[PDB]
Each structure stands twice: as C-alpha cells, then as structure tokens.
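As structure tokens, the structure follows; a few thoughts come after it.
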Amino acid sequence: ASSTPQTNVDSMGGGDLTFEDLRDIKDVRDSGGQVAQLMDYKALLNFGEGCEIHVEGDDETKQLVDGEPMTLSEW
Amino acid sequence: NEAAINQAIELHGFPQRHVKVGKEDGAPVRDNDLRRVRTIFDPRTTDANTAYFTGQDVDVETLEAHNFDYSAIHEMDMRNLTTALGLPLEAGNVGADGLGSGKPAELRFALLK
C-alpha cells in the first residue's frame, strides 16, 4: 500500500463557512429561550456526568515524578 | 400576558347588567331619564332576591361572562418561562399529561440534576 492518502478529499480553494456564520451560532447560543435551553440539555446529557481516566498497566508506570511515586493516571 | 389576563378577567370574567329603556322606534330617552332608572336598578343597593316590576318598554339585558381560556394562557406562559429559566414545568405549579410518570419523568428530573 502507500504512506499518503491516494484518494482526494473534495475541498480546496472554495468557489466552508465564514466568521459571520460562526457569529450566527454565537447569536443563537446567547439569545436564550427554548432553543438555547434544549441545546444546553444536549451538552449536559453528553458531557455533564464528568469523567474518569484509565491507563492500562498503570501500576507498571510507577516512577518518581518529583521525589514522590506516581503512576501515569495519578500524574 | 399576566397583566392582560388580569385586565381581561375584570372586563370579561363577570356578567354585567344592561338595562335598555324605551320602545324600539319609540319615544327617545334622555340622560336625566336614565338617572332615575339607574336609581331603581343600582347594583350597589340591589340584593340577591330583589324583584322587578316593569312596563313592556324596559328590557333587563345581560352582558354575559365571555369565555376565554386564561388557564391555558397561564400554562403556556409558565411553560415558556420555566423552560427558558431551565426549571421543570412543575416548579411553576403547572402540570402536564404523560410527563408525570415513567421514563419521561426520569429524563426531565435527570436533566435537572
């Protein structure tokens, strides 16, 4: 096979979106009301329960970081 | 919308008495004549079991209480406000069908939490 994509990727040089379009997204977001609350609920459903970091073989990573033992997950 | 409902209840929530005096195409009645009729039919001095005796050319009409669904307007206003402030509708003392139970309820209370 090959080390570069040999298929093309359907965009360069244009005629995808402007700073004006980016500021329209900002306007919808800051305008409040029902649309903004629904898309905030969407963000809360996807990302609102927070997170956990897992390293596989974390115990093997034990190293003195600054005169104290840490695993990579602890770091 | 709250102020509009309050003003509308005063004007339209209660019946009002309309006394019509004179025959149609009859003799005209003037303001000073109506002052004496006003004295007879005054809602201030009227009691619940008053009876009226008249000739044929006095009509005691009623402006009815005109129906509008102020309850539905309140629910709509409260839904808009609660959804805008991100509270569940129940915080506004307003209920909704189907949303009070099961996985629908679980989702909305999970969203709040």
Among B:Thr83, B:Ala27, A:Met12, the residue whose Cα sits farthest towards the positive end of the charge dipole of the protein assembly as shown, when +1 is placed on the Cβ of each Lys and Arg and -1 on the Cβ of each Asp and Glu, is B:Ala27
For the stretch A:1-65 and the stretch B:1-39, distance of Cα centres in Å: 67 Å
Would you mind classifying the stretch A:1-50 by shape? Square roots of the alpha carbon gyration tensor eigenvalues, ordered a ≥ b ≥ c; an a/c under 1.5 is rounded, otherwise it is prolate if a/b is larger than b/c and oblate if not. oblate
So B:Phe53 and B:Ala3, fully extended at 0.36 nm per residue minus their Cα-Cα distance, gain in nm 13.9 nm
With unit charges on the beta carbons (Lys and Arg positive, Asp and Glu negative) and the dipole taken about the Cα centre of chain A, which residue among A:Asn46, A:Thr71, A:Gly33 sits farthest to the positive side? A:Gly33
What size of dipole, in debye to the nearest 20, comes out for the stretch B:61-113 about its Cα centre when the only charges are +1 on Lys and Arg C-beta atoms and -1 on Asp and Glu C-beta atoms? 540 debye
Please identify every one of the GluC sites (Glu not before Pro) in the stretch B:25-90 that sits in a loop by DSSP and has no more than 15 other beta carbons within 10 Å of its own beta carbon. B:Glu64
Mind listing which chymotrypsin sites (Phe, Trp or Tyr not before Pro) in the stretch B:2-70 are in a DSSP loop and have 12 or fewer other Cβ atoms within 10 Å? B:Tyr52, B:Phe53
Sum -39500 (n - 2.57) across every DSSP H segment of at least 4 residues in the protein assembly as shown, then divide by the residue count to get the 222 nm mean residue ellipticity, nearest 500. -12500 deg cm²/dmol
With +1 on the Cβ of every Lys and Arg and -1 on the Cβ of every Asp and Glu, the dipole magnitude of chain B about its Cα centre, in debye rounded to the nearest 20, is 280 debye
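We place every Cβ from the backbone using ideal geometry, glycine too, and count neighbours over all the protein chains shown. A short reminder: the numbers here are calculations on the coordinates, not readings from a lab.
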